[PDB]
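K.L.:
Sharing a structure below in structure tokens format, with a few things to ask.
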Amino acid sequence: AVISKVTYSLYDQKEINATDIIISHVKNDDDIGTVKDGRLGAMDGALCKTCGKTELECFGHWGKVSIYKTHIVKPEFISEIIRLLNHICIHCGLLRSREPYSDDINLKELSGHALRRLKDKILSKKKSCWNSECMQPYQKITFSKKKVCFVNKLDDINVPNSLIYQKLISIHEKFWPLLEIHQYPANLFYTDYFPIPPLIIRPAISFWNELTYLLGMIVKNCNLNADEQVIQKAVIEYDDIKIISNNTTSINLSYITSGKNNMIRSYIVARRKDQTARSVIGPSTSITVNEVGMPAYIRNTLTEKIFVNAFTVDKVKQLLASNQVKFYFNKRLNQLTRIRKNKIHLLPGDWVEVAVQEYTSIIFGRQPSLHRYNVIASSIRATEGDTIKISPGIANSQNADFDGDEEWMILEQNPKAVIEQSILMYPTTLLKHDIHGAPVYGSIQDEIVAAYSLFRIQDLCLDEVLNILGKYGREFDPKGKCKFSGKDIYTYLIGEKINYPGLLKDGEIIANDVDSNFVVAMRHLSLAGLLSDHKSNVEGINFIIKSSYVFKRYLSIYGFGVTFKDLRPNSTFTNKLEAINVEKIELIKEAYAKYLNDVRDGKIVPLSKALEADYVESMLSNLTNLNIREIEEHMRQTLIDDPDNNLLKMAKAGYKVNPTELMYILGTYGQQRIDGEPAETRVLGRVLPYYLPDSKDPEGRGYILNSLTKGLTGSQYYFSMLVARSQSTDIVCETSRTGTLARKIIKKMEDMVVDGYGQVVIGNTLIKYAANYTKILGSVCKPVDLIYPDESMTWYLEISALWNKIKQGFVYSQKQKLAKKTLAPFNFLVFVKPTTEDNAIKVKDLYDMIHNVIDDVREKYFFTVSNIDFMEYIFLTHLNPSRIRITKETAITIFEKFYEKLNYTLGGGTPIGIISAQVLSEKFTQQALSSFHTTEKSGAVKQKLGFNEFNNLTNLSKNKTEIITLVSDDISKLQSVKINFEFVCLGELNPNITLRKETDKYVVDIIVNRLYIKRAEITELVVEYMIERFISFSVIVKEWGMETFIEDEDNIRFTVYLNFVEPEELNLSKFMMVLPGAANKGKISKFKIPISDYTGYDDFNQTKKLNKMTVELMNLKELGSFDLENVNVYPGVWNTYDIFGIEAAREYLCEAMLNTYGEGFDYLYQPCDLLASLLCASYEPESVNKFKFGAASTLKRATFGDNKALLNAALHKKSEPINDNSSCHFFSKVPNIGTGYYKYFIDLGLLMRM
Amino acid sequence: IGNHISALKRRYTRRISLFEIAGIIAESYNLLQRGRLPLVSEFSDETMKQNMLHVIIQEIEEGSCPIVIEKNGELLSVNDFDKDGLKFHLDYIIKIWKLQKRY
Amino acid sequence: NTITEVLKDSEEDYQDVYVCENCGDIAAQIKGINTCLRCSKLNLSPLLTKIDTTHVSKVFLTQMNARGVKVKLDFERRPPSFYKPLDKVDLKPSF
Amino acid sequence: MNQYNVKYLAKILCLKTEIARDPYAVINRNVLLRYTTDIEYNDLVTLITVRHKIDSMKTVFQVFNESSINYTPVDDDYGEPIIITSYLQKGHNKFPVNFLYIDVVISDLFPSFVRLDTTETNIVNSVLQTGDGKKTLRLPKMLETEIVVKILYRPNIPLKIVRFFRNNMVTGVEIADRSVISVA
DNA sequence: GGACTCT
DNA sequence: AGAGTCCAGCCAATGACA
RNA sequence: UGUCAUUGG
Ligand SMILES: [Mg+2]
Ligand SMILES: [Zn+2]
Ligand SMILES: [Zn+2]
Ligand SMILES: [Zn+2]
């Protein structure tokens, strides 16, 4: 009854011939013995002649058509046959070596790679057959896609299938471990019959079959006077047309396993469902985050199930008496009846279906479902209109606006699904984010400024406070006060006397202002997050509901609006900034023109174009920063003049207004960048014809002087529209790539779960010893401040010993960064209360408590295999008596909460892999669609940021260059490699090359400038060596001689005397053409090698100045000739694997995938590690595109997308157990995820006892 | 020492989370919804006058829940888990069920 | 269980479908007797197991059979397991 | 073998000397603070003298190329010649030329690892047991032709599990285990 | 258009 | 070193056309 | 029953 394992194989001929239905005719006056037979299955309007069942009960029966004297090849195993033909001769049948056949080898006992030693010897000898009666040359038989036969390619002759059949059945059974054979090779052919499939895969198409027509074209050639080529072509174009052709849209068998629209991806892991709905969404204030408003047409159409049992039989009889029952399902007769008076007897197991009532859990969601907070299950409320009314508090969880977004609903009224919807998918259960712990729900745009202004309000009456509180003013206690403030309203709203560093003290908010970090969803300073860290998710969800009510009542009483007078009250400041900009940009233009004229008349040597662009870039960036500082001073002066400005109010509250946006409105628009640089010059050295040819105007390259208040001019509007349309094109081009990578990572990581012992496993491989490094849920775990050891601490010795144990890993990013946060196992800071030293717990007893708890936890919960010294370090530094004294019951409360989080939170079956994959995928999709990662160009080669770098990391491509970083304390060792590897050519040194003919010699003078040699950071001897190496090794030069003259301290004349190989005039012109480029040195790359420097960490207290260098390099071989001692070398992923190993490859993949997200995303460390430990779970790094070493089943590979998965499983006779999601969804099995992680039994002892 | 690790892991097996108690409640609710006999003390007709989630929770705390869960190679009743963990999860489940107006 | 009930076919569309444990295809009812035609032609009499899968799963398996891939399912004859009482475990810490 | 890729081998042979005096030691670059090398380079045999700082114990390694091997034991010898091969070969004293292109022990990508004793191996094997019958989880894999397995080698102690001390940005050090699988 | 594999 | 092969986000909605 | 065109989040 429970399917364990599935075995794939090939049908042999005795199972194909095992049929009493012989198909013989193509057309007939009566379809008997034809391919549309009535005994091959029940058609539309006829019972099955084999079984007597109709179309919905007959699953079809097989037939056979007789191919008389032909051996029809199975069309998809052709390549395997081709492989089997590269191992034997065809005139004899023997193998291509004498060592299989001798009586000294004993092929049954050799293990390992000794079986693979002999096979490339078999594929090395292709001269002639080795036996005494066959010395024919070894043919290379190929399947001809042109005409359908098998064709020899030494000479174009058709090799018949009856001879490949004889030579493939001639191979003995005990040579099958050599040639990768697992069954009879006669199962690769149809030797005497062809199977005719049942009608259930080809029903009668009705609108006013293709496979039936293809089988008719097969049976139209099944005659005794018929070639095997025409029958082979009919069989091939019935099975797979792309074997002999290159056309799509033919409905063949391979159409069910062809690409994205194949059968499994479209109809097995996804389907169209009944009891569904879809509608536009709108907000609702009478709907909390735990509810959803359903329109009347949906609840007038959708039905809910009421099961018949001993509890609900009176309700079902009452609903049947009042005609409220819409459907009735009789389980014992197994039939559904629509009630439009009939007779219905209600037995237990039957059900009725009535209209869907309130407080029923509907599963609703928004698309695209990027992460699990898109698809939740909340309670139905009856609302008005035709829109699904959601709360605004869930809107940021679903990336939803009310500007035309649609959401879908599904009703799954199965009792197990009802319980799982009520518990697991309820929005109270999903309050905290499962990676970084911040609340998923909260306040949005207007409620942020309402929260800010409600905190800032003062001197209210009791009636004004109760008007603001509304329905929550029932239990408000005025202690003895008559005048109140907004801080008292917030103290009432929080309702707990908890402390938090920087936010709370005895319930009062000790922060200066309440901003968007306090109330908006997914923020690190949320008050609802602290209230749910204190007690439970119900308290955080209650704070969110009550806070949203009170903020909207503040907006109802006081209002919020931003007018035009708040932005631009007069013309004074904008006129001042306009005059400032038109003064400074003309100063920039005159300075640049003075430099250009000093170059043009010749008083200075010119710069490179990169350095000139950098200088103008710095001047325009200084003008932009001057505009920013003017905008900031105007904001300060406006809020000290008009302190009730609503625009500056929503700027101070933390919603979408900053000095940069106000600079765009009131100041300047800046420099418009395309691909990191300005817009490139087209025809005539310019972009637009509004500027002169080769115009040095920086405003014509994309610098906009105007703002949105003044209005952009035509050229400025061109450059702004160029940036806008470039961003639109880039997000459209990147959306599908992000979706493809997201699906690949989700299918790779989805089978990785937390097992019953707190470990992270996939299949039977242990990935992590402890889930989330704590064996506690990631929503419970708290990133707390890392406190470095100070000698004023109590137990500085123990704290410094723990820091010496765990201090590695806290210095990372090529020693550039020091860790400021660590991972507390839970938010214990809300349970810490300060206490005077007379009432406090004793200091030694607090150490004994911390040490005993950490030792007991390390024994009992981590099984003495995990290092949890970070937990002891956190409890010793954050509960340190040198900075905080606590009571004894405070410490008891903290450690009891610690044991509660270790005991109850994390459970086996937690889908940690698909949660981490969805979080990573949602983040890089958001950063790609939001254009968060701006491209910027620099001199050195740098590691890129963003989605394409993440995809290059997970692709793990081999034959590509890597960025290899060399860090050294001394700069001489980096300079010796930088001189030899950096590309410098003669043409980039800006030379003055002139030649003249002379009797016996062509003489070329190369007058180079010495400042150009110093800007390249080489010497004159380097240039002499470059020219000498090119001329001394070139083919076109017959004789030469070089001399070096001094012309000035500004000029060096390299004089070459030459005679070229005849024809000397063409070789002269070719030499003069290739001379500025081919006289070069170093590895050719577009990036230079500048030696950077920074401050690197040895520890928190000791640093050192370090010199850095980056080289694009394929291998590591050419570095092996240098004195690279005491030099840190950071290669790419494959050189790190080939030198240091698989663990260093895992570490590089972790930190490199983390670095693509940018600054401020350290919480993505724990997902990325979980991805990297999946890519390096075998002995070699494996990509996300293929399954090479990981044990993946055939249905997993077919659901991932692999069209030849079941064919390769049938060739190798694979027998695989059904333990993965893709294999459980195929056979309608419950996956081993979550509640399905456990098997459930029923103990019938207590029922039989009574 | 391998026996000591086996004892520590057998003690770790008694932890209960939301997935296990949700699966136990879902199995007993699906069996009671299709017509199995409620195994509560004080079996009457009055017990068919209350709702079924009260019967499921009463079966859980009375120690007569028929559902046996197979975890880590062991067979566990709902009373073989940690009693404080069962209470901790059932308090939350009863709270959110009272918000849903079904308990 | 929610995603299982979503992805599987509806409970109203249930019928007793039997599969052959030897050859892997759907058994037939001739005149009330569940038979396998391929095995009764091959002079066998193998086990027939009732399966509850989706219709698209059976269409996919029959089409893969039409391509030549024989798909044979194996079933769990699990040993009968017995509940035994367990000792008391208290996970509260010791202070 | 040149005059540059013998200093990196000397840093490797400090770790091999530390393993030869204690098979259950923790190998990282900090071990290099307890040793001192002296290199006598020649294109036929290079003699590397590794000296323990506090115990004054000397160990002389004789480094050869793969072609020309003229090995007779000197006093205080390691007991086996160190051979610089052209490709990655099976053997604890056969280091390929790609391992010595850069300085590998001082790198940040050099791991921290131990060989587990019988107590820790029994604890790991009983942790990996799934509880259900005789079923067992597997550790992730690592090839025997790796510089960690070459450093950790002992002649009559078979190396099956290597414990790694990973750098961890949020917890400091993390414990992982790899299982060493066979090659050729 | 672009990455992996066989030739 | 060069061709073959497969891959290119999800969920929609109308109308015309074969 | 599928293509093409246009559009939405
Ligand atoms: Mg929208
Ligand atoms: Zn039939
Ligand atoms: Zn021959
Ligand atoms: Zn059969």
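In the structure tokens, chains take letters A, B, ... by order of appearance, with residues numbered from 1 within each chain and ligands from 1 in the order shown.
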Leaving out residue 9 (chain F) and any residue of its chain fewer than 3 positions from it, which residues lie within 9 Å of it when counting only C-alpha atoms (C1' of nucleotides), given as a PyMOL selection string?
P.N.:
chain A and resi 368+735-740+742-743
K.L.:
Enumerate, as an MDAnalysis selection string, the complete set of residues in region 504-618 of chain A that a backbone-based DSSP assignment places in strand (DSSP E or B).
P.N.:
chainID A and resid 504:505 508:509 520
K.L.:
Can you list, as a PyMOL selection string, every residue of region 4-86 of chain B that DSSP puts in alpha helix (DSSP H)?
P.N.:
chain B and resi 4-12+18-33+52-62+83-86
K.L.:
Residues of chain A within 6 Å of chain C, counting only C-alpha atoms, what are they? List them as a list in words.
P.N.:
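Residues satisfying the distance criterion: residues 2, 3, 4, 5, 6, 7, 8, 9, 10, 11, 18, 51, 197, 201, 417, 1210, 1227, 1228 and 1230 of chain A.
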K.L.:
Applying 12 Å and only C-alpha atoms (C1' of nucleotides), which residues near residue 12 (chain F) remain after dropping the ones on its own chain fewer than 4 positions away? List them as a ChimeraX atom specification.
P.N.:
/A:278-280,366-368,405-408 /G:7-9
K.L.:
Using only C-alpha atoms (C1' of nucleotides) and all ligand atoms, determine which residues fall within 6 Å of ligand 1, then list them as an MDAnalysis selection string.
P.N.:
(chainID A and resid 400:405) or (chainID G and resid 9)
K.L.:
Could those selected residues go to a file with N, CA and C atoms (P, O5', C5', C4', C3', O3' and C1' of nucleotides), as a PDB file, in the first residue's frame?
P.N.:
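Output (selection.pdb):
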ATOM      1  N   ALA A 400       3.389  43.870  -1.862  1.00  0.00           N
ATOM      2  CA  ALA A 400       2.106  44.211  -2.458  1.00  0.00           C
ATOM      3  C   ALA A 400       1.805  45.699  -2.337  1.00  0.00           C
ATOM      4  N   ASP A 401       1.256  46.262  -3.408  1.00  0.00           N
ATOM      5  CA  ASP A 401       0.663  47.588  -3.416  1.00  0.00           C
ATOM      6  C   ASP A 401      -0.810  47.455  -3.768  1.00  0.00           C
ATOM      7  N   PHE A 402      -1.578  48.489  -3.459  1.00  0.00           N
ATOM      8  CA  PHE A 402      -2.965  48.551  -3.913  1.00  0.00           C
ATOM      9  C   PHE A 402      -3.107  49.449  -5.132  1.00  0.00           C
ATOM     10  N   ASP A 403      -2.340  49.150  -6.178  1.00  0.00           N
ATOM     11  CA  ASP A 403      -2.417  49.865  -7.442  1.00  0.00           C
ATOM     12  C   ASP A 403      -2.839  48.951  -8.585  1.00  0.00           C
ATOM     13  N   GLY A 404      -3.408  47.795  -8.265  1.00  0.00           N
ATOM     14  CA  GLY A 404      -3.894  46.890  -9.280  1.00  0.00           C
ATOM     15  C   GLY A 404      -3.362  45.484  -9.136  1.00  0.00           C
ATOM     16  N   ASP A 405      -2.755  45.177  -7.992  1.00  0.00           N
ATOM     17  CA  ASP A 405      -2.245  43.835  -7.759  1.00  0.00           C
ATOM     18  C   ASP A 405      -3.392  42.856  -7.554  1.00  0.00           C
TER      19      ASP A 405
ATOM     20  P     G G   9       0.556  47.331 -13.977  1.00  0.00           P
ATOM     21  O5'   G G   9       0.830  46.349 -12.757  1.00  0.00           O
ATOM     22  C5'   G G   9      -0.129  46.195 -11.722  1.00  0.00           C
ATOM     23  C4'   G G   9       0.134  44.953 -10.911  1.00  0.00           C
ATOM     24  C3'   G G   9       1.549  44.793 -10.385  1.00  0.00           C
ATOM     25  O3'   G G   9       1.788  45.546  -9.208  1.00  0.00           O
ATOM     26  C1'   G G   9       0.819  42.754 -11.341  1.00  0.00           C
TER      27        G G   9
END
K.L.:
I'd like the contact shell of residue 1 (chain G) - 8 Å cut-off, only C-alpha atoms (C1' of nucleotides), skipping same-chain residues fewer than 6 positions apart - returned as a count of residues only.
P.N.:
3
K.L.:
Around ligand 3, at most 8 Å away and counting only C-alpha atoms (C1' of nucleotides) and all ligand atoms, which residues are there? Put them as an MDAnalysis selection string, please.
P.N.:
chainID A and resid 89:94 129:131 133:136
K.L.:
If we count only C-alpha atoms (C1' of nucleotides) and set the cut-off at 12 Å, which residues sit around region 1-3 of chain E, ignoring sequence neighbours fewer than 4 positions away in its own chain? Please answer as a ChimeraX atom specification.
P.N.:
/A:952,955-960,1185 /F:5-8
K.L.:
Any idea what's packed within 12 Å of residue 6 (chain E), counting only C-alpha atoms (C1' of nucleotides), ignoring anything in its chain fewer than 2 positions away? Could you give it as a PDB file with N, CA, C and O atoms (P, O5', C5', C4', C3', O3' and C1' of nucleotides), in the first residue's frame?
P.N.:
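Once everything was written out, this is result35.pdb:
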ATOM      1  P    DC E   4      30.600  25.662 -17.761  1.00  0.00           P
ATOM      2  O5'  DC E   4      30.257  24.258 -18.443  1.00  0.00           O
ATOM      3  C5'  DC E   4      29.224  23.450 -17.903  1.00  0.00           C
ATOM      4  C4'  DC E   4      29.062  22.165 -18.694  1.00  0.00           C
ATOM      5  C3'  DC E   4      30.341  21.356 -18.896  1.00  0.00           C
ATOM      6  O3'  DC E   4      30.093  19.979 -18.604  1.00  0.00           O
ATOM      7  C1'  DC E   4      29.333  21.846 -21.004  1.00  0.00           C
TER       8       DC E   4
ATOM      9  P    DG F   2      39.031  27.186 -33.805  1.00  0.00           P
ATOM     10  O5'  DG F   2      37.675  26.349 -33.963  1.00  0.00           O
ATOM     11  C5'  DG F   2      37.390  25.680 -35.191  1.00  0.00           C
ATOM     12  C4'  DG F   2      36.167  24.781 -35.065  1.00  0.00           C
ATOM     13  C3'  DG F   2      34.837  25.502 -34.825  1.00  0.00           C
ATOM     14  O3'  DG F   2      33.805  24.864 -35.574  1.00  0.00           O
ATOM     15  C1'  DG F   2      35.182  23.917 -33.134  1.00  0.00           C
ATOM     16  P    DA F   3      32.514  25.685 -36.069  1.00  0.00           P
ATOM     17  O5'  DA F   3      31.309  24.648 -35.890  1.00  0.00           O
ATOM     18  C5'  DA F   3      31.238  23.486 -36.717  1.00  0.00           C
ATOM     19  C4'  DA F   3      30.555  22.328 -35.998  1.00  0.00           C
ATOM     20  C3'  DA F   3      29.079  22.537 -35.656  1.00  0.00           C
ATOM     21  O3'  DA F   3      28.370  21.316 -35.862  1.00  0.00           O
ATOM     22  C1'  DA F   3      30.289  22.078 -33.681  1.00  0.00           C
ATOM     23  P    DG F   4      26.772  21.294 -36.055  1.00  0.00           P
ATOM     24  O5'  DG F   4      26.304  20.134 -35.065  1.00  0.00           O
ATOM     25  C5'  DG F   4      27.072  19.860 -33.900  1.00  0.00           C
ATOM     26  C4'  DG F   4      26.348  18.900 -32.982  1.00  0.00           C
ATOM     27  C3'  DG F   4      24.859  19.138 -32.859  1.00  0.00           C
ATOM     28  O3'  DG F   4      24.240  17.973 -32.340  1.00  0.00           O
ATOM     29  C1'  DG F   4      25.973  19.935 -30.919  1.00  0.00           C
ATOM     30  P    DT F   5      22.644  17.894 -32.188  1.00  0.00           P
ATOM     31  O5'  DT F   5      22.384  18.348 -30.680  1.00  0.00           O
ATOM     32  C5'  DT F   5      23.001  17.639 -29.614  1.00  0.00           C
ATOM     33  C4'  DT F   5      22.617  18.242 -28.277  1.00  0.00           C
ATOM     34  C3'  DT F   5      21.195  18.804 -28.214  1.00  0.00           C
ATOM     35  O3'  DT F   5      20.528  18.316 -27.059  1.00  0.00           O
ATOM     36  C1'  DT F   5      22.758  20.417 -27.461  1.00  0.00           C
TER      37       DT F   5
END
K.L.:
Taking only C-alpha atoms into account, which residues of chain D are within 6 Å of chain B, as a ChimeraX atom specification?
P.N.:
/D:126,131-132
K.L.:
I'd like the interatomic distance between CA of residue 731 (chain A) and CA of residue 929 (chain A), to a tenth of an Å.
P.N.:
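Taking CA of residue 731 (chain A) and CA of residue 929 (chain A), their separation equals 5.3 Å.
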K.L.:
Name each residue within 8 Å of ligand 2, counting only C-alpha atoms (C1' of nucleotides) and all ligand atoms, as number ranges by chain.
P.N.:
A: 39-42, 47-54, 57-61; C: 28-29
